[PDB]
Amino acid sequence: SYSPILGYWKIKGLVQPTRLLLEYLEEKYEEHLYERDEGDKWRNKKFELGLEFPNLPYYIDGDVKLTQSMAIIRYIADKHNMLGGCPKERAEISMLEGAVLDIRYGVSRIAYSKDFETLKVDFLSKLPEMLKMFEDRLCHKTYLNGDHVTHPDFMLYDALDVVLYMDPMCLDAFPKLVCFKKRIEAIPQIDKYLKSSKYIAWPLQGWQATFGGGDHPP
(Lines of atoms letter the chains of each structure in order from A and count residues from 1; the text may use other names and numbers.)
(Lines give C-alpha, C1' and ligand atoms only; values in the text may rest on other atoms or scores of the structure.)
Protein backbone atom coordinates (compact mmCIF):
# COMPACT_ATOMS: atom_id res chain seq x y z
CA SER A 1 0.00 0.00 0.00
CA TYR A 2 1.43 3.29 -1.19
CA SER A 3 2.50 6.38 0.74
CA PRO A 4 -0.41 8.74 1.32
CA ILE A 5 -0.19 12.25 0.01
CA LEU A 6 -0.35 15.43 2.04
CA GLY A 7 -0.73 18.47 -0.18
CA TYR A 8 0.03 22.03 1.00
CA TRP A 9 2.05 25.19 0.50
CA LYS A 10 5.73 24.98 1.47
CA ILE A 11 4.98 26.79 4.71
CA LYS A 12 4.15 25.80 8.29
CA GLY A 13 0.65 27.26 8.22
CA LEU A 14 -2.35 25.03 8.92
CA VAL A 15 -0.63 21.71 8.38
CA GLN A 16 2.43 21.84 10.65
CA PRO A 17 0.67 20.04 13.58
CA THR A 18 -0.35 17.27 11.16
CA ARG A 19 3.27 16.81 9.99
CA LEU A 20 4.36 16.49 13.63
CA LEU A 21 1.64 13.95 14.42
CA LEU A 22 2.62 11.88 11.37
CA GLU A 23 6.29 11.97 12.42
CA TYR A 24 5.34 11.12 16.02
CA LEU A 25 3.49 8.10 14.71
CA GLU A 26 6.44 7.24 12.42
CA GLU A 27 3.99 7.04 9.49
CA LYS A 28 5.12 7.05 5.89
CA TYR A 29 3.82 9.93 3.78
CA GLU A 30 4.76 12.10 0.89
CA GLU A 31 4.05 15.74 0.57
CA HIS A 32 3.04 17.53 -2.53
CA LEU A 33 4.51 20.93 -1.83
CA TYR A 34 3.37 24.09 -3.60
CA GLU A 35 6.00 26.84 -3.84
CA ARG A 36 5.59 30.61 -3.60
CA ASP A 37 5.44 30.96 -7.42
CA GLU A 38 3.09 28.02 -7.97
CA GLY A 39 -0.28 29.66 -7.35
CA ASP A 40 -1.42 29.29 -10.94
CA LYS A 41 -0.05 25.76 -10.99
CA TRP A 42 -2.20 24.89 -7.96
CA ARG A 43 -5.29 26.66 -9.41
CA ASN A 44 -4.89 24.58 -12.58
CA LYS A 45 -4.89 21.35 -10.54
CA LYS A 46 -7.32 22.25 -7.71
CA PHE A 47 -10.47 20.95 -9.40
CA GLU A 48 -8.83 17.86 -10.92
CA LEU A 49 -8.18 15.85 -7.74
CA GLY A 50 -11.61 14.40 -6.98
CA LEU A 51 -11.99 16.65 -3.96
CA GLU A 52 -15.49 17.53 -2.72
CA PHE A 53 -14.22 20.80 -1.20
CA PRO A 54 -11.04 21.72 -3.07
CA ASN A 55 -8.57 23.48 -0.87
CA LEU A 56 -5.11 23.32 0.69
CA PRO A 57 -4.26 21.22 2.58
CA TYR A 58 -5.50 17.99 1.05
CA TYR A 59 -4.90 14.40 2.10
CA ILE A 60 -5.29 11.41 -0.24
CA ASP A 61 -4.67 7.78 0.81
CA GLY A 62 -6.89 5.57 -1.34
CA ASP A 63 -9.70 5.42 1.21
CA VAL A 64 -10.27 9.17 1.56
CA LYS A 65 -9.78 12.37 -0.41
CA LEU A 66 -9.96 15.02 2.29
CA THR A 67 -9.67 18.72 2.70
CA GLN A 68 -9.90 20.85 5.87
CA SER A 69 -6.80 20.77 8.04
CA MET A 70 -8.76 19.72 11.13
CA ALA A 71 -10.56 16.89 9.32
CA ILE A 72 -7.18 15.65 8.15
CA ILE A 73 -5.38 15.70 11.52
CA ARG A 74 -8.43 14.11 13.16
CA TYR A 75 -8.55 11.37 10.50
CA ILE A 76 -4.90 10.48 11.08
CA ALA A 77 -5.53 10.51 14.84
CA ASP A 78 -8.72 8.44 14.37
CA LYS A 79 -6.86 5.81 12.28
CA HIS A 80 -4.58 5.37 15.30
CA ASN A 81 -7.40 5.27 17.85
CA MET A 82 -6.39 8.62 19.38
CA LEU A 83 -9.59 10.72 19.15
CA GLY A 84 -11.03 9.37 22.40
CA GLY A 85 -12.50 6.10 23.64
CA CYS A 86 -15.94 7.45 24.56
CA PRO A 87 -17.99 10.65 24.07
CA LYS A 88 -16.58 12.30 27.19
CA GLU A 89 -12.93 11.81 26.15
CA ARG A 90 -13.66 12.79 22.52
CA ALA A 91 -15.24 16.01 23.84
CA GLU A 92 -12.22 16.69 26.07
CA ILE A 93 -9.90 16.36 23.08
CA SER A 94 -12.13 18.60 20.89
CA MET A 95 -12.16 21.15 23.70
CA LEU A 96 -8.32 21.13 23.86
CA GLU A 97 -8.32 21.46 20.10
CA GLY A 98 -10.50 24.55 20.05
CA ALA A 99 -8.65 26.26 22.86
CA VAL A 100 -5.41 25.82 20.90
CA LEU A 101 -7.03 27.18 17.75
CA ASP A 102 -8.06 30.33 19.65
CA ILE A 103 -4.32 31.05 19.90
CA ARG A 104 -3.29 29.80 16.44
CA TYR A 105 -6.16 31.36 14.50
CA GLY A 106 -5.74 34.45 16.71
CA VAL A 107 -2.45 34.86 14.93
CA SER A 108 -3.60 33.87 11.44
CA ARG A 109 -6.57 36.18 11.43
CA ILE A 110 -4.41 39.32 11.90
CA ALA A 111 -1.25 38.23 10.08
CA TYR A 112 -2.31 39.50 6.63
CA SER A 113 -3.74 42.82 7.82
CA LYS A 114 -2.06 46.05 6.77
CA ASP A 115 -2.92 47.04 10.35
CA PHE A 116 -1.03 44.09 11.90
CA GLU A 117 1.21 46.14 14.20
CA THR A 118 -1.89 47.57 15.90
CA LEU A 119 -3.97 44.40 16.00
CA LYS A 120 -0.89 42.64 17.36
CA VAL A 121 -1.03 44.73 20.51
CA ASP A 122 -4.57 43.54 21.29
CA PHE A 123 -3.75 39.90 20.55
CA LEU A 124 -0.66 39.95 22.75
CA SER A 125 -2.62 41.69 25.48
CA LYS A 126 -5.19 38.86 25.49
CA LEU A 127 -2.69 36.05 24.91
CA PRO A 128 -1.66 35.53 28.54
CA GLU A 129 -5.27 34.71 29.48
CA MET A 130 -5.23 31.94 26.87
CA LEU A 131 -1.79 30.65 27.84
CA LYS A 132 -2.70 30.61 31.55
CA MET A 133 -5.37 28.02 30.91
CA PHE A 134 -2.79 25.70 29.34
CA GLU A 135 -0.22 26.45 32.07
CA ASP A 136 -2.87 25.35 34.59
CA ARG A 137 -3.82 22.34 32.48
CA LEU A 138 -0.25 21.11 32.66
CA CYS A 139 -0.07 21.17 36.46
CA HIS A 140 1.27 17.66 37.22
CA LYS A 141 0.43 16.49 33.66
CA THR A 142 3.00 15.36 31.08
CA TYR A 143 0.78 16.08 28.07
CA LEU A 144 -2.46 18.01 27.60
CA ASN A 145 -4.59 14.89 28.17
CA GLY A 146 -2.38 13.28 30.82
CA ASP A 147 0.21 10.55 30.43
CA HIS A 148 -0.20 9.99 26.71
CA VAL A 149 0.23 12.18 23.65
CA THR A 150 -2.79 13.38 21.69
CA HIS A 151 -2.96 15.50 18.57
CA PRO A 152 -3.72 18.75 20.41
CA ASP A 153 -0.22 18.43 21.96
CA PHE A 154 1.24 19.07 18.53
CA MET A 155 -1.28 21.84 17.82
CA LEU A 156 -0.21 23.58 21.03
CA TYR A 157 3.46 23.07 20.20
CA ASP A 158 2.91 24.79 16.82
CA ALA A 159 0.98 27.64 18.45
CA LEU A 160 3.81 28.22 20.94
CA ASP A 161 6.41 28.13 18.14
CA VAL A 162 4.46 30.77 16.26
CA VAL A 163 3.62 33.20 19.08
CA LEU A 164 7.31 33.20 20.10
CA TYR A 165 8.02 34.86 16.75
CA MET A 166 5.46 37.52 17.51
CA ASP A 167 7.05 38.12 20.94
CA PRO A 168 10.05 36.07 22.11
CA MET A 169 9.21 36.85 25.74
CA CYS A 170 5.55 35.87 25.68
CA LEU A 171 6.19 32.52 27.49
CA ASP A 172 8.53 33.92 30.13
CA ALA A 173 5.64 33.97 32.60
CA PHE A 174 4.61 30.38 31.78
CA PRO A 175 7.41 28.03 32.71
CA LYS A 176 5.31 24.85 32.39
CA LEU A 177 4.61 25.84 28.77
CA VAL A 178 8.29 26.49 28.13
CA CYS A 179 8.95 23.03 29.59
CA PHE A 180 6.16 21.48 27.48
CA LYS A 181 7.68 22.92 24.33
CA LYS A 182 11.05 21.39 25.24
CA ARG A 183 9.38 18.07 26.18
CA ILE A 184 7.81 17.82 22.73
CA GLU A 185 11.20 18.62 21.16
CA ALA A 186 12.65 15.78 23.32
CA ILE A 187 10.40 13.15 21.72
CA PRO A 188 13.12 11.41 19.71
CA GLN A 189 11.12 11.11 16.51
CA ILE A 190 10.26 14.85 16.69
CA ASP A 191 13.87 15.76 17.41
CA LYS A 192 14.88 13.76 14.34
CA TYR A 193 12.19 15.41 12.22
CA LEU A 194 13.09 18.95 13.24
CA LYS A 195 16.72 18.29 12.27
CA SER A 196 15.68 16.77 8.93
CA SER A 197 15.38 18.30 5.48
CA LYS A 198 11.61 17.69 5.62
CA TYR A 199 11.23 20.33 8.32
CA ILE A 200 9.97 23.63 7.01
CA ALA A 201 11.25 26.40 9.28
CA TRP A 202 9.72 29.37 7.53
CA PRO A 203 7.33 30.92 6.55
CA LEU A 204 4.73 30.64 9.29
CA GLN A 205 1.86 31.99 7.27
CA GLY A 206 1.63 32.48 3.53
CA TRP A 207 4.61 34.32 2.02
CA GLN A 208 2.60 37.48 1.45
CA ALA A 209 1.66 37.75 5.13
CA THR A 210 2.73 40.86 7.09
CA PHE A 211 3.51 38.65 10.06
CA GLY A 212 5.27 35.33 9.50
CA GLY A 213 5.68 35.84 5.76
CA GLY A 214 8.60 36.44 3.40
CA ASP A 215 11.17 33.91 2.26
CA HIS A 216 13.19 34.11 5.50
CA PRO A 217 12.82 35.15 9.16
CA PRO A 218 13.36 38.86 9.81
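The term rigid core refers to the most C-alpha atoms you can superpose between the two forms while keeping them within 1.5 Å. Each residue number is its position in the shown sequence, starting from 1.
- When the other structures are laid on the shown form by the rigid core, the stretch among 164-172 and 39-47 with the greater C-alpha deviation in 8 other deposited structures of this protein turns out to be 39-47.
- Taking 58-66 and 151-159 in turn, the stretch whose Cα atoms are more displaced from the shown form in 8 other deposited structures of this protein following rigid core superposition is 58-66.
- For the pair 31-39 and 145-153, the mean Cα B-factor is higher in 31-39.
- Here the stretch with the larger average CA B-factor, out of 122-130 and 109-117, is 109-117.
- Ranking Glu48, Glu185, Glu52, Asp158 by the C-alpha B-factor listed in the PDB entry places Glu48 at the top.
- When the modelled residues of the chain are ordered by C-alpha B-factor, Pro203 sits in the middle third.
- In the PDB entry, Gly62 places in the highest third of its chain by CA B-factor.
- Among all modelled residues in this chain, the alpha-carbon of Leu194 has a temperature factor (C-alpha) in the middle third.
- Annotation for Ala209: C-alpha temperature factor in the highest third relative to the rest of the modelled chain, per the entry.
- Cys86 sits in the highest third of its chain by CA B factor, as recorded in the PDB entry.
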